[PDB]
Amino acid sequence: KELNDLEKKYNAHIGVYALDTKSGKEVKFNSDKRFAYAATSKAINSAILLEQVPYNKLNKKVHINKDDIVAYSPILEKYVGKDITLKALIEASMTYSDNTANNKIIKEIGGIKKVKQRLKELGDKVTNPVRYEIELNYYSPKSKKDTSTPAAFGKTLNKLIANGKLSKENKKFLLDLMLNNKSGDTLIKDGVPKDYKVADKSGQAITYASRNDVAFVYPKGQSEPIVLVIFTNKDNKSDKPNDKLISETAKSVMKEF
């Protein structure tokens, strides 16, 4: 189904970038338009850390104190005054979209500045990390803060994860978390065929019904994934998102492969 029709039906804006890493075939629709990426960036942050810490060293611990805690940290809030391994920081951020786990991960990498430097190195001059959780969710269409375009984000996920410098172990670890995440079930996972394995990370900013999902979709029989980025927003600050838009956009898009 035409994506413009999907936009029409949902009165939302859609940004898609799909890349079948086996063939190199790309599907694009508003792929160079900026969207607040929200929690989908957790995938990017976790992957950058895993480039620098071998699987075996994920047992290393970090101390968490009261200053680390930000809103919506279902796992990390129980860790004040305690220490936590890097493994569990990643599991929390990925599976529960723990905000404190994410910020901590960023801190471990060296700060936002270091994350930006690494995106530039991968050739991504678009994805613009500026704020930490949860401020990164205050999206304003008039601001480039914490936004990326589906094409940029999608090329970065491909380079970081689908075909980057991660070991076997750390790739499996990150992907298993994305495959089992129950939070993206009403999204990409909901619109692709049941044959398809979907490893995703969703996100939702506070404003303009900014709702997203990024995934590594593995068609039945294909070991190479298809990287799929779906960013969506609406015109009003207070609009609520309808997850069916992402489910349907994914369904349309999968027909191209």
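All residue numbers refer to positions in the sequence shown, first residue = 1.
- As listed in the deposited structure, the average C-alpha B-factor of 58 to 66 and of 191 to 199 is greater for 191 to 199.
- Judged by mean Cα B factor in the deposited record, 139 to 147 ranks above the other of 98 to 106 and 139 to 147.
- Per the PDB record, 113 has a higher Cα B-factor than any other of 87, 113, 171, 131.
- Ranked against the other modelled residues of its chain, the C-alpha B-factor of residue 11 as given in the entry falls in the highest third.
- When the modelled residues of the chain are ordered by C-alpha B-factor, residue 73 sits in the middle third.
- Per the deposited record, the Cα B-factor of residue 83 falls in the middle third when ranked against the other modelled residues of its chain.
- Ranked by C-alpha B-factor against the other modelled residues of its chain, residue 32 falls in the highest third.
- For residue 166, the recorded CA temperature factor ranks within the highest third of the chain's modelled residues.
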